[PDB]
Each structure stands twice: as structure tokens, then as C-alpha cells.
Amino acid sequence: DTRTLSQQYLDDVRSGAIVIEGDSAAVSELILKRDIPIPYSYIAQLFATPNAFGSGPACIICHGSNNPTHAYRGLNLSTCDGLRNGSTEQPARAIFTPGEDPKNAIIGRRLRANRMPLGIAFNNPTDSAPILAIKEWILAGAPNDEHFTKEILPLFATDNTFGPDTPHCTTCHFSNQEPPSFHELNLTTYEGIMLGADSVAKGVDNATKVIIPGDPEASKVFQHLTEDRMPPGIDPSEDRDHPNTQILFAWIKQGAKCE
């Protein structure tokens, strides 16, 4: 106990414990690192203010109610209870779990995860023929059979597969070396797809699995194929590590408290 915020700051400026890289810095090093408590009052404002996590209309316009005709998915982001409840319209689901890191919970993917193939517009269907094919393949336990090789593998290497005028996934995900291949993810072979991302620069048994056999809902490929970044139409190049995103995550790790 006992040592003040001011006291640690004076000590950390002294030790060089504060590192400054593309500030931002004020937030990572003085707010998150020292685990300062975030009031719901600030979070409420975030969901209610246009451009709060990146370019686009305020979240509560489209998600301002638990009535599915007044709000998409009957998701009410405008109150603390509404946030904690998540989507109401069938199929109902929480968009995060209080006290747990939401980085990969639904609210996190919707704020940070660009839909794939990178740049594809939201008015392309998320239940098209190929997506549904990939879905069934994952359900099937993600087999390396004849069917996969002829009917599934080329989806990652063929132009205009998931919408008009879009590049094959293989354009950007084709090796295990970062530069030039993003997240060290290789989608050219079965072996590469099941291996997943970040397999070199951070373990190989600690790879970020991108297909989870039997569970399409949790498979990062399927998610990126079917989930549009919010607010709809946001440009993929907008900061995925926006301070407001981070502060929101912090408030959730702290218990998503209502005061």
C-alpha cells in the first residue's frame, strides 16, 4: 500500500522506465501500466460519440436498444447493463466477459479485426457459397482429403472469390517470414493453414491457431471472413490500437463496473 501515483511517476521518470514511441505513450505508460481505474462515465461517452474508435457514426445510433427493430442485433451499447448483456436478437450472445481480456472477445474483433480479404466492402455477403464451404470443412474436423484439396484450398489462392474485385488471400499470406507475409501466416497449403500465424517469431507450439477443427465460430479465418469491422465501412488502415479501444479493454479487465 501507500505510494501515490505521483510518487511512482517521479520514480519511473528517474529510472528510464518510461519509453516513448509514437504517443499514444501518455496512455500505455501512465494509464494502463499503472492500472488507473476507468469510470463507466467515460466508456458511455465512447459508445455515444462519433469517430470514437476510428472513422464512422456513433455506435449507439445503430446499437441503442434491446429491441431488434430499433437496433441491429438488439444490441444495446448505450447502457452498462446493455453492454454486459450483449446481443439480444436470436442468436443471443455476450460480446465480452467481465474481468477477462476482451482482445479476442466479440467486441474486440469488431473494433480491431479488419474483414478479410483486406479492404473488402461490407455490402458483400458473409454467407456466400465459399464461406459456407469453409464453414462445413471446419465442422468436419478440418480434413486433408480429396475434397479439401480440390474444393477448399483454392479458395485462398483465387481472385474474386469472396466478392468482386478482391485479391487472393495468398497475395498477402504465403510464407512464415514477416516481411513479406503478414502475421507469418501461410495459406497456400493445408500444412500452412493448420500451422497458423506467428509460428516463427514466438514459438511453434505457441503458434496462433487460425483454424480450430470442429469449431468454425472460433476459427480466426472464418471470423475474418464473416465479421465486418465497426463502424461499418471503416477503412482497414485506421489505427487498430486506438487509445479508446485500449481504455475500453482496461475497463472490461477491471470488471466492467457500472459506477
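When you see a residue number, it is the position in the sequence shown, counting from 1.
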When the Cα temperature factors in the entry are averaged, is it 109-117 or 95-103 that ends up higher? 95-103
With reference to the PDB entry, specify whether the mean Cα temperature factor is higher for 158-166 or for 141-149. 141-149
Of the residues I38, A207, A58, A44, the one carrying the largest Cα B-factor as recorded: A207
Lowest, middle or highest third: which one holds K33 when the chain's residues are ordered by CA B-factor from the entry? highest
B-factor third for the C-alpha atom of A133 within its chain: middle
Based on the entry's values, in what third of the chain does the Cα temperature factor of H183 lie: lowest, middle or highest? highest
Should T226 be placed in the lowest, middle or highest third of its chain by the C-alpha B factor in the entry? lowest
Select lowest, middle or highest to describe the third in which the CA B-factor of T69 falls within its chain in this entry. middle
